[PDB]
>>> print(open('upload-v5.txt').read())   # compact mmCIF, C-alpha atoms
# COMPACT_ATOMS: atom_id res chain seq x y z
CA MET A 1 58.12 22.67 154.60
CA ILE A 2 60.49 20.80 156.90
CA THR A 3 61.32 17.14 156.54
CA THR A 4 63.52 14.66 158.37
CA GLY A 5 65.13 11.81 156.54
CA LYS A 6 68.10 9.85 155.37
CA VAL A 7 70.56 11.09 152.84
CA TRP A 8 70.96 9.04 149.66
CA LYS A 9 74.20 10.51 148.27
CA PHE A 10 75.25 10.49 144.64
CA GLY A 11 78.23 11.80 142.71
CA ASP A 12 78.42 14.12 139.70
CA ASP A 13 76.65 13.93 136.36
CA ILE A 14 73.85 11.64 137.43
CA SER A 15 71.83 11.28 134.24
CA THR A 16 68.06 11.11 134.19
CA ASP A 17 68.59 7.75 132.51
CA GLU A 18 70.24 6.59 135.72
CA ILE A 19 67.26 7.80 137.74
CA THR A 20 64.76 5.77 135.72
CA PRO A 21 66.77 3.41 133.48
CA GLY A 22 64.82 0.24 132.85
CA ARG A 23 61.00 0.49 133.11
CA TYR A 24 60.97 3.85 132.07
CA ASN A 25 60.34 3.87 128.53
CA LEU A 26 57.41 6.13 129.55
CA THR A 27 55.06 4.17 131.58
CA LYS A 28 54.08 7.17 133.73
CA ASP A 29 52.63 4.78 136.37
CA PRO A 30 54.12 6.37 139.55
CA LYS A 31 53.84 3.04 141.38
CA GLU A 32 55.87 1.17 138.79
CA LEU A 33 58.45 3.92 138.43
CA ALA A 34 59.02 3.88 142.17
CA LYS A 35 60.19 0.27 141.76
CA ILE A 36 63.12 1.17 139.52
CA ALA A 37 64.36 4.57 140.65
CA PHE A 38 68.18 4.39 140.50
CA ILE A 39 67.75 0.65 139.88
CA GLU A 40 71.21 0.24 138.38
CA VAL A 41 73.35 2.97 139.96
CA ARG A 42 71.88 2.32 143.41
CA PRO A 43 70.00 -1.01 143.54
CA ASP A 44 69.48 -0.52 147.26
CA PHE A 45 67.62 2.79 146.84
CA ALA A 46 64.16 1.84 145.59
CA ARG A 47 63.27 -0.69 148.30
CA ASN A 48 64.85 1.09 151.26
CA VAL A 49 63.97 4.74 150.70
CA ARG A 50 61.33 6.04 153.10
CA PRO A 51 59.23 9.24 152.87
CA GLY A 52 61.27 12.19 154.04
CA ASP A 53 64.55 10.77 152.72
CA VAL A 54 66.59 13.13 150.62
CA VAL A 55 68.52 12.60 147.39
CA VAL A 56 71.81 14.54 147.65
CA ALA A 57 74.17 14.85 144.71
CA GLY A 58 77.20 16.59 143.30
CA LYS A 59 77.29 18.56 140.06
CA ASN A 60 74.91 18.30 137.13
CA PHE A 61 72.31 16.13 138.80
CA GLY A 62 69.74 15.00 136.28
CA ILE A 63 71.52 15.86 133.04
CA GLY A 64 70.50 14.06 129.88
CA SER A 65 67.29 13.23 128.01
CA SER A 66 64.14 15.15 128.89
CA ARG A 67 62.33 12.27 130.57
CA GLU A 68 59.92 13.51 133.26
CA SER A 69 59.71 9.93 134.53
CA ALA A 70 62.83 10.59 136.65
CA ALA A 71 61.15 13.29 138.73
CA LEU A 72 57.98 11.17 138.87
CA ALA A 73 59.82 8.15 140.27
CA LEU A 74 61.35 10.25 143.05
CA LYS A 75 58.00 11.83 143.81
CA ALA A 76 56.33 8.42 143.90
CA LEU A 77 58.84 7.27 146.51
CA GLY A 78 58.06 10.14 148.86
CA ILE A 79 61.50 11.69 148.58
CA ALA A 80 61.55 15.03 150.43
CA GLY A 81 63.47 16.76 147.67
CA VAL A 82 66.85 16.95 145.97
CA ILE A 83 69.99 18.73 147.16
CA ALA A 84 72.76 19.16 144.58
CA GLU A 85 75.60 21.42 143.56
CA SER A 86 73.85 22.04 140.26
CA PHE A 87 71.06 20.49 138.24
CA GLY A 88 70.45 19.54 134.68
CA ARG A 89 68.19 22.26 133.27
CA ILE A 90 65.48 19.83 132.13
CA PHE A 91 65.44 17.87 135.37
CA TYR A 92 65.21 21.03 137.44
CA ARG A 93 62.21 21.96 135.33
CA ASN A 94 60.61 18.53 135.70
CA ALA A 95 61.17 18.50 139.47
CA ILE A 96 59.35 21.80 139.88
CA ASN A 97 56.56 20.81 137.47
CA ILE A 98 56.07 17.58 139.44
CA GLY A 99 56.23 19.33 142.79
CA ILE A 100 59.61 18.29 144.11
CA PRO A 101 61.54 20.84 146.25
CA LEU A 102 65.19 21.51 145.33
CA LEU A 103 68.20 22.96 147.17
CA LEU A 104 71.43 24.22 145.59
CA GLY A 105 74.84 24.24 147.19
CA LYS A 106 77.98 22.33 148.16
CA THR A 107 77.03 18.80 149.20
CA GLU A 108 80.50 17.51 150.20
CA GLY A 109 79.51 17.63 153.87
CA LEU A 110 76.60 15.24 153.37
CA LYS A 111 77.29 11.52 153.20
CA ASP A 112 75.18 8.52 152.32
CA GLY A 113 73.27 7.39 155.38
CA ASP A 114 73.41 10.76 157.14
CA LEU A 115 70.19 11.72 158.94
CA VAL A 116 69.17 15.31 158.25
CA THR A 117 66.26 17.65 158.88
CA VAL A 118 65.72 19.89 155.87
CA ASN A 119 63.84 23.20 155.72
CA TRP A 120 63.09 23.42 151.99
CA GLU A 121 61.98 27.04 152.26
CA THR A 122 65.10 28.46 153.89
CA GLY A 123 67.63 25.97 152.56
CA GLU A 124 68.77 25.14 156.12
CA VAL A 125 69.98 21.56 156.54
CA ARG A 126 70.58 20.28 160.08
CA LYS A 127 73.06 17.43 160.38
CA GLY A 128 74.07 16.50 163.93
CA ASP A 129 74.81 19.78 165.65
CA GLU A 130 75.85 21.51 162.44
CA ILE A 131 73.83 23.48 159.94
CA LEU A 132 74.52 23.53 156.23
CA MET A 133 72.98 26.31 154.16
CA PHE A 134 71.73 25.85 150.62
CA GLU A 135 69.92 28.14 148.22
CA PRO A 136 66.22 27.29 148.31
CA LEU A 137 63.72 27.75 145.51
CA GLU A 138 62.30 31.25 145.30
CA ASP A 139 58.79 31.82 146.66
CA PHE A 140 57.01 31.61 143.30
CA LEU A 141 58.55 28.12 142.80
CA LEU A 142 57.94 26.98 146.40
CA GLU A 143 54.32 27.90 145.79
CA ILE A 144 54.13 25.58 142.77
CA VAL A 145 55.73 22.80 144.80
CA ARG A 146 53.49 23.49 147.77
CA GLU A 147 50.40 22.95 145.58
CA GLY A 148 51.87 19.71 144.32
CA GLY A 149 53.19 20.63 140.91
CA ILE A 150 52.38 23.05 138.14
CA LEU A 151 49.31 21.16 136.94
CA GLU A 152 47.78 21.07 140.43
CA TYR A 153 48.78 24.71 140.75
CA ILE A 154 46.73 25.83 137.75
CA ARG A 155 43.93 23.38 138.47
CA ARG A 156 43.26 24.87 141.93
CA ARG A 157 43.69 28.37 140.54
CA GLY A 158 41.24 27.64 137.71
CA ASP A 159 43.54 28.42 134.75
CA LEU A 160 43.27 24.82 133.63
CA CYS A 161 39.51 25.14 133.15
CA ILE A 162 39.46 27.45 130.13
CA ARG A 163 36.08 26.88 128.50
CA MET B 1 74.89 2.98 174.35
CA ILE B 2 74.58 5.91 171.96
CA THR B 3 72.12 5.96 169.08
CA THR B 4 70.93 8.48 166.51
CA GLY B 5 67.54 8.45 164.90
CA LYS B 6 64.19 10.11 164.48
CA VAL B 7 61.63 10.81 167.16
CA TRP B 8 58.20 9.20 166.80
CA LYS B 9 56.18 11.15 169.34
CA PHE B 10 53.09 9.80 171.11
CA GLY B 11 50.88 11.23 173.84
CA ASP B 12 49.77 10.10 177.31
CA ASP B 13 48.52 6.72 178.42
CA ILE B 14 49.72 4.77 175.40
CA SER B 15 48.55 1.24 176.09
CA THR B 16 50.47 -1.90 175.17
CA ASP B 17 47.33 -2.83 173.28
CA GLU B 18 47.85 0.23 171.03
CA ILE B 19 51.50 -0.72 170.49
CA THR B 20 50.61 -4.33 169.61
CA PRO B 21 46.91 -5.15 169.32
CA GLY B 22 45.95 -8.24 171.32
CA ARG B 23 45.20 -10.11 168.12
CA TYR B 24 48.96 -10.33 167.34
CA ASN B 25 50.96 -11.92 170.18
CA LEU B 26 50.47 -15.52 169.00
CA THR B 27 53.87 -15.74 167.31
CA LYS B 28 57.44 -16.69 168.23
CA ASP B 29 58.64 -14.29 165.56
CA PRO B 30 59.34 -10.76 166.88
CA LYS B 31 59.68 -9.67 163.24
CA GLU B 32 55.98 -10.35 162.81
CA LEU B 33 55.20 -8.15 165.80
CA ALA B 34 57.46 -5.45 164.38
CA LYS B 35 55.19 -5.28 161.32
CA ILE B 36 52.10 -4.41 163.33
CA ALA B 37 53.53 -2.02 165.92
CA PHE B 38 51.11 0.92 166.42
CA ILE B 39 49.32 -0.37 163.33
CA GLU B 40 45.93 1.12 164.26
CA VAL B 41 46.97 4.45 165.79
CA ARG B 42 49.84 5.33 163.43
CA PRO B 43 49.89 3.04 160.38
CA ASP B 44 53.08 4.47 158.88
CA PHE B 45 55.15 3.77 161.98
CA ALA B 46 56.08 0.08 161.47
CA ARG B 47 57.15 0.49 157.83
CA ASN B 48 58.90 3.83 158.22
CA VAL B 49 60.76 3.35 161.49
CA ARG B 50 64.50 2.73 161.11
CA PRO B 51 66.82 1.20 163.69
CA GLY B 52 68.02 3.99 165.98
CA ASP B 53 64.70 5.84 165.92
CA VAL B 54 63.21 6.60 169.31
CA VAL B 55 59.71 6.37 170.68
CA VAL B 56 58.99 9.48 172.76
CA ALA B 57 55.79 9.75 174.76
CA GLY B 58 54.04 11.56 177.55
CA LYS B 59 52.94 10.03 180.81
CA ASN B 60 52.11 6.42 181.53
CA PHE B 61 53.66 4.96 178.46
CA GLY B 62 52.88 1.28 178.21
CA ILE B 63 49.96 0.86 180.57
CA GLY B 64 47.30 -1.82 180.09
CA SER B 65 48.01 -5.46 179.23
CA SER B 66 51.11 -7.05 180.74
CA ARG B 67 51.97 -8.85 177.49
CA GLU B 68 55.64 -8.56 176.41
CA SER B 69 54.73 -8.26 172.72
CA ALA B 70 54.76 -4.45 172.92
CA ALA B 71 58.41 -4.32 174.03
CA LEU B 72 59.24 -7.19 171.65
CA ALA B 73 57.82 -5.30 168.70
CA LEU B 74 59.79 -2.14 169.47
CA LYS B 75 63.04 -4.02 169.93
CA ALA B 76 62.44 -6.00 166.71
CA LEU B 77 62.00 -2.74 164.81
CA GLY B 78 65.37 -1.57 166.07
CA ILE B 79 63.83 1.23 168.14
CA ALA B 80 66.77 2.63 170.16
CA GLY B 81 64.62 3.01 173.23
CA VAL B 82 61.70 4.87 174.75
CA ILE B 83 61.76 8.30 176.33
CA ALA B 84 58.65 9.10 178.36
CA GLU B 85 57.47 11.23 181.25
CA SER B 86 56.46 8.04 183.08
CA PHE B 87 56.01 4.35 182.32
CA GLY B 88 53.43 1.75 183.14
CA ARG B 89 55.13 -0.43 185.82
CA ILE B 90 54.78 -3.66 183.87
CA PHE B 91 55.99 -2.17 180.61
CA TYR B 92 59.07 -0.85 182.38
CA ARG B 93 59.78 -4.34 183.68
CA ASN B 94 59.09 -5.87 180.26
CA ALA B 95 61.29 -3.28 178.54
CA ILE B 96 64.24 -4.25 180.74
CA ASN B 97 63.63 -7.99 180.42
CA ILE B 98 63.23 -7.79 176.68
CA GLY B 99 66.21 -5.50 176.33
CA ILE B 100 65.15 -1.91 175.51
CA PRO B 101 66.64 1.11 177.31
CA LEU B 102 64.40 3.80 178.76
CA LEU B 103 64.71 7.46 179.66
CA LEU B 104 62.51 9.36 182.10
CA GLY B 105 61.72 13.06 181.90
CA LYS B 106 59.67 15.88 180.38
CA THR B 107 59.13 15.30 176.68
CA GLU B 108 57.29 18.42 175.48
CA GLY B 109 60.63 19.47 174.02
CA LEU B 110 60.83 16.52 171.61
CA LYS B 111 58.63 16.63 168.51
CA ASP B 112 57.73 14.00 165.97
CA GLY B 113 60.39 13.95 163.28
CA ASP B 114 63.12 15.48 165.45
CA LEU B 115 66.57 13.97 164.88
CA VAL B 116 68.21 13.01 168.19
CA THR B 117 71.43 11.39 169.37
CA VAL B 118 70.72 9.64 172.65
CA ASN B 119 73.13 8.44 175.30
CA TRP B 120 71.04 5.81 177.09
CA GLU B 121 73.58 5.54 179.92
CA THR B 122 73.71 9.22 180.86
CA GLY B 123 70.26 10.32 179.80
CA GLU B 124 71.77 12.98 177.57
CA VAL B 125 69.69 13.68 174.47
CA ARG B 126 71.19 15.87 171.77
CA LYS B 127 68.73 17.55 169.43
CA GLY B 128 70.63 19.76 167.01
CA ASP B 129 73.00 21.74 169.22
CA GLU B 130 70.49 21.62 172.08
CA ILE B 131 70.97 19.29 175.03
CA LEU B 132 68.09 17.70 176.94
CA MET B 133 68.70 15.65 180.07
CA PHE B 134 66.62 12.68 181.21
CA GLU B 135 66.88 10.14 184.02
CA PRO B 136 68.49 6.94 182.67
CA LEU B 137 68.15 3.39 183.91
CA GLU B 138 70.66 2.58 186.63
CA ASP B 139 73.78 0.65 185.64
CA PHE B 140 72.48 -2.79 186.70
CA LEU B 141 69.39 -2.44 184.51
CA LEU B 142 71.38 -1.00 181.63
CA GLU B 143 73.65 -4.02 181.84
CA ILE B 144 70.67 -6.34 181.40
CA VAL B 145 69.57 -4.28 178.40
CA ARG B 146 73.06 -4.06 177.02
CA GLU B 147 73.36 -7.83 177.17
CA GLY B 148 70.10 -8.29 175.28
CA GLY B 149 67.54 -8.78 178.00
CA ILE B 150 67.27 -10.81 181.18
CA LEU B 151 67.54 -14.22 179.49
CA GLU B 152 70.77 -13.44 177.65
CA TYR B 153 71.98 -11.63 180.77
CA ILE B 154 71.40 -14.73 182.87
CA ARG B 155 72.98 -17.06 180.34
CA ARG B 156 76.19 -15.01 180.32
CA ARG B 157 76.30 -14.42 184.06
CA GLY B 158 76.02 -18.01 185.31
CA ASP B 159 73.63 -18.25 188.28
CA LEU B 160 72.09 -21.17 186.45
CA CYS B 161 71.43 -22.91 189.78
CA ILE B 162 68.12 -23.02 191.69
>>> encode(input="upload-v5.txt", output="structure tokens")
Amino acid sequence: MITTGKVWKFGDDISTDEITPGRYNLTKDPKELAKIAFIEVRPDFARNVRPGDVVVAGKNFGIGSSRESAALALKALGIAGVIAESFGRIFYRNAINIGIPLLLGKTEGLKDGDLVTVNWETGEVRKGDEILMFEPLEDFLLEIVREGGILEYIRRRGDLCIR
Amino acid sequence: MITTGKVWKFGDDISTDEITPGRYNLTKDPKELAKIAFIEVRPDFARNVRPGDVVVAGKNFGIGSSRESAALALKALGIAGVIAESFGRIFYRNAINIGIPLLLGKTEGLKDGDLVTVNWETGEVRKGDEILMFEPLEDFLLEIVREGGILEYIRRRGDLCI
């Protein structure tokens, strides 16, 4: 999976509460959630993000409460995936479950507004004439993302239909 | 004249009618045209294009109707320019007059979604660390484009005497 998009850059310790602050008390509605992703920390994000854009962050991206609405909001917006130095355990989980690709590594070389082409399988990020390498998700996880999330994964496989 | 953006690739014989359907020119608002650019052939283009992006096509880009709306729509969207193997004669003229730079050359090497930095004056297109060369508009034409089209060009360079 290779995508081309704009970098939306964030600092360290972005909490899931900052991803979906006000709307979010659970209204799973992907459409609605898309309207308030990063609504306070980055008011410009929600209305200007386009499919293929990438959320890039520093350390501990997605720490905090276990609200899956954060991952849902990003998915609803067509974000290509998330690149960070490290992720909050719960968010990482929710991103995979929802079907959002993730890359791990130093993000100091990526700035807000940068245009990049990301290969989510190899972790290769092309910026201008340079290439930044990140650790991609292992194959088992890419497979879950490829199917569109863990639920879709087991639905297609048939595990969901127990009887 | 250097821009960086994403390639939106199209094939051969793209008509101006495909760029802006004939049911949309009645407007003195280029922004309105921008909203319907390639609306029927590639619906996500108008909403997803960002200034600096480039339209790349095969041969005969811009044939068909002589209406300027096609070029107007692209410029309104902030499209950096058009790179094609060949252009419809009228579109070429309209592109210049409206104020959009053009590059001529083989485009098989550029794919939809490719990120490119384009030097519209030299024809140098940088894709990653790869360099593709195209034939640019000559300086006189680039000056008209650079100034914003033939009308703005004329306004700034006197000659306002018949």
>>> atom_distance(input="upload-v5.txt", atom1="atom CA of residue A:150", atom2="atom CA of residue A:101")
12.4 Å
>>> residues_around(input="upload-v5.txt", residues="residue B:32", least_positions_apart="5", cutoff="9 Å", atoms="only C-alpha atoms", output="list in words")
residues 24, 27, 73 and 76 of chain B
>>> closest_atom_pairs(input="upload-v5.txt", of="chain B", to="chain A", cutoff="10 Å", atoms="all atoms listed in the file", output="JSON lines")
{"residue": "B:4", "atom": "CA", "partner": "A:115", "partner_atom": "CA", "distance": 8.3}
{"residue": "B:5", "atom": "CA", "partner": "A:115", "partner_atom": "CA", "distance": 7.3}
{"residue": "B:6", "atom": "CA", "partner": "A:4", "partner_atom": "CA", "distance": 7.6}
{"residue": "B:7", "atom": "CA", "partner": "A:4", "partner_atom": "CA", "distance": 9.8}
{"residue": "B:44", "atom": "CA", "partner": "A:51", "partner_atom": "CA", "distance": 9.8}
{"residue": "B:47", "atom": "CA", "partner": "A:50", "partner_atom": "CA", "distance": 8.4}
{"residue": "B:48", "atom": "CA", "partner": "A:50", "partner_atom": "CA", "distance": 6.1}
{"residue": "B:49", "atom": "CA", "partner": "A:50", "partner_atom": "CA", "distance": 8.8}
{"residue": "B:50", "atom": "CA", "partner": "A:50", "partner_atom": "CA", "distance": 9.2}
{"residue": "B:112", "atom": "CA", "partner": "A:4", "partner_atom": "CA", "distance": 9.6}
{"residue": "B:113", "atom": "CA", "partner": "A:4", "partner_atom": "CA", "distance": 5.9}
{"residue": "B:114", "atom": "CA", "partner": "A:4", "partner_atom": "CA", "distance": 7.1}
{"residue": "B:115", "atom": "CA", "partner": "A:117", "partner_atom": "CA", "distance": 7.0}
{"residue": "B:116", "atom": "CA", "partner": "A:128", "partner_atom": "CA", "distance": 8.0}
{"residue": "B:117", "atom": "CA", "partner": "A:128", "partner_atom": "CA", "distance": 7.9}
{"residue": "B:126", "atom": "CA", "partner": "A:129", "partner_atom": "CA", "distance": 8.1}
{"residue": "B:127", "atom": "CA", "partner": "A:129", "partner_atom": "CA", "distance": 7.5}
{"residue": "B:128", "atom": "CA", "partner": "A:129", "partner_atom": "CA", "distance": 4.4}
{"residue": "B:129", "atom": "CA", "partner": "A:129", "partner_atom": "CA", "distance": 4.5}
{"residue": "B:130", "atom": "CA", "partner": "A:129", "partner_atom": "CA", "distance": 8.0}
>>> residues_around(input="upload-v5.txt", residues="residue B:86", least_positions_apart="5", cutoff="12 Å", atoms="only C-alpha atoms", output="list in words")
residues 11, 12, 13, 14, 56, 57, 58, 59, 60, 61, 62, 63, 91, 92, 102, 103, 104, 105, 106, 107, 134 and 135 of chain B
>>> closest_residue(input="upload-v5.txt", among="B:26, B:161, B:79, B:55", to="residue B:67", atoms="all atoms listed in the file")
B:26
>>> residues_around(input="upload-v5.txt", residues="residue A:26", least_positions_apart="5", cutoff="12 Å", atoms="all atoms listed in the file", output="PyMOL selection string")
chain A and resi 17+20-21+32-33+66-70+72-73
>>> closest_residue(input="upload-v5.txt", among="B:96, B:77, B:33, B:83", to="residue B:138", atoms="only C-alpha atoms")
B:96
>>> atom_distance(input="upload-v5.txt", atom1="atom CA of residue B:108", atom2="atom CA of residue B:120")
18.7 Å
>>> atom_distance(input="upload-v5.txt", atom1="atom CA of residue A:9", atom2="atom CA of residue A:57")
5.6 Å
>>> residues_around(input="upload-v5.txt", residues="residue A:137", least_positions_apart="6", cutoff="12 Å", atoms="only C-alpha atoms", output="number ranges by chain")
A: 1, 81-83, 92-93, 95-96, 99-105, 119-123, 143-146
>>> closest_residue(input="upload-v5.txt", among="A:15, A:25, A:60, A:107", to="residue A:40", atoms="all atoms listed in the file")
A:15
>>> closest_residue(input="upload-v5.txt", among="A:124, A:13, A:159, A:53", to="residue A:91", atoms="all atoms listed in the file")
A:13
>>> closest_residue(input="upload-v5.txt", among="B:20, B:74, B:2, B:159", to="residue B:98", atoms="only C-alpha atoms")
B:74
>>> residues_near_point(input="upload-v5.txt", point="(61.2, 1.2, 175.0)", cutoff="6 Å", atoms="all atoms listed in the file", output="PDB file with C-alpha atoms, in the coordinates of the input")
ATOM      1  CA  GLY B  81      64.620   3.010 173.230  1.00  0.00           C
ATOM      2  CA  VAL B  82      61.700   4.870 174.750  1.00  0.00           C
ATOM      3  CA  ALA B  95      61.290  -3.280 178.540  1.00  0.00           C
ATOM      4  CA  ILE B 100      65.150  -1.910 175.510  1.00  0.00           C
ATOM      5  CA  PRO B 101      66.640   1.110 177.310  1.00  0.00           C
ATOM      6  CA  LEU B 102      64.400   3.800 178.760  1.00  0.00           C
TER       7      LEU B 102
END
>>> residues_near_point(input="upload-v5.txt", point="(73.0, 4.4, 153.5)", cutoff="9 Å", atoms="all atoms listed in the file", output="mmCIF file with C-alpha atoms, in the frame of the given file")
data_model
loop_
_atom_site.group_PDB
_atom_site.id
_atom_site.type_symbol
_atom_site.label_atom_id
_atom_site.label_comp_id
_atom_site.auth_asym_id
_atom_site.auth_seq_id
_atom_site.Cartn_x
_atom_site.Cartn_y
_atom_site.Cartn_z
ATOM 1 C CA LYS A 6 68.100 9.850 155.370
ATOM 2 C CA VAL A 7 70.560 11.090 152.840
ATOM 3 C CA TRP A 8 70.960 9.040 149.660
ATOM 4 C CA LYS A 9 74.200 10.510 148.270
ATOM 5 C CA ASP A 44 69.480 -0.520 147.260
ATOM 6 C CA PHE A 45 67.620 2.790 146.840
ATOM 7 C CA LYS A 111 77.290 11.520 153.200
ATOM 8 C CA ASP A 112 75.180 8.520 152.320
ATOM 9 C CA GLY A 113 73.270 7.390 155.380
ATOM 10 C CA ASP A 114 73.410 10.760 157.140
#
>>> closest_residue(input="upload-v5.txt", among="B:97, B:137, B:111, B:123", to="residue B:153", atoms="all atoms listed in the file")
B:97
>>> residues_around(input="upload-v5.txt", residues="residue B:21", least_positions_apart="6", cutoff="12 Å", atoms="all atoms listed in the file", output="PyMOL selection string")
chain B and resi 14-15+33-41+64-65+67-70+73
>>> build_atoms(input="upload-v5.txt", residues="stretch 98-110 of chain A", atoms="N, CA, C and O atoms", output="short mmCIF file (atom, residue, chain, number, x, y, z; two decimals), in the frame of the given file")
data_model
loop_
_atom_site.label_atom_id
_atom_site.label_comp_id
_atom_site.auth_asym_id
_atom_site.auth_seq_id
_atom_site.Cartn_x
_atom_site.Cartn_y
_atom_site.Cartn_z
N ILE A 98 56.62 18.73 138.72
CA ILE A 98 56.07 17.58 139.44
C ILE A 98 55.83 17.90 140.91
O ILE A 98 55.11 17.18 141.60
N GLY A 99 56.44 18.97 141.40
CA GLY A 99 56.23 19.33 142.79
C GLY A 99 57.30 18.83 143.73
O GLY A 99 57.03 18.53 144.90
N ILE A 100 58.53 18.74 143.25
CA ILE A 100 59.61 18.29 144.11
C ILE A 100 60.51 19.46 144.44
O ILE A 100 61.04 20.10 143.55
N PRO A 101 60.69 19.75 145.75
CA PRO A 101 61.54 20.84 146.25
C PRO A 101 63.01 20.58 145.90
O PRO A 101 63.45 19.45 145.90
N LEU A 102 63.78 21.64 145.66
CA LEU A 102 65.19 21.51 145.33
C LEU A 102 66.05 22.50 146.10
O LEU A 102 65.63 23.63 146.37
N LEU A 103 67.26 22.08 146.47
CA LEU A 103 68.20 22.96 147.17
C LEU A 103 69.50 22.93 146.38
O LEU A 103 69.87 21.90 145.83
N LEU A 104 70.17 24.08 146.32
CA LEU A 104 71.43 24.22 145.59
C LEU A 104 72.56 24.60 146.51
O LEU A 104 72.42 25.51 147.34
N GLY A 105 73.69 23.93 146.36
CA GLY A 105 74.84 24.24 147.19
C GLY A 105 75.84 23.10 147.28
O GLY A 105 75.61 22.02 146.73
N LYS A 106 76.94 23.34 147.98
CA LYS A 106 77.98 22.33 148.16
C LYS A 106 77.42 21.18 148.99
O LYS A 106 76.88 21.39 150.07
N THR A 107 77.55 19.96 148.48
CA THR A 107 77.03 18.80 149.20
C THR A 107 78.13 17.86 149.72
O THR A 107 77.86 16.74 150.12
N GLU A 108 79.38 18.33 149.72
CA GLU A 108 80.50 17.51 150.20
C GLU A 108 80.37 17.11 151.66
O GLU A 108 80.88 16.06 152.06
N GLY A 109 79.68 17.93 152.45
CA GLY A 109 79.51 17.63 153.87
C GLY A 109 78.40 16.66 154.20
O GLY A 109 78.17 16.35 155.37
N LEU A 110 77.70 16.18 153.18
CA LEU A 110 76.60 15.24 153.37
C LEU A 110 77.03 13.89 152.81
O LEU A 110 77.48 13.80 151.67
#
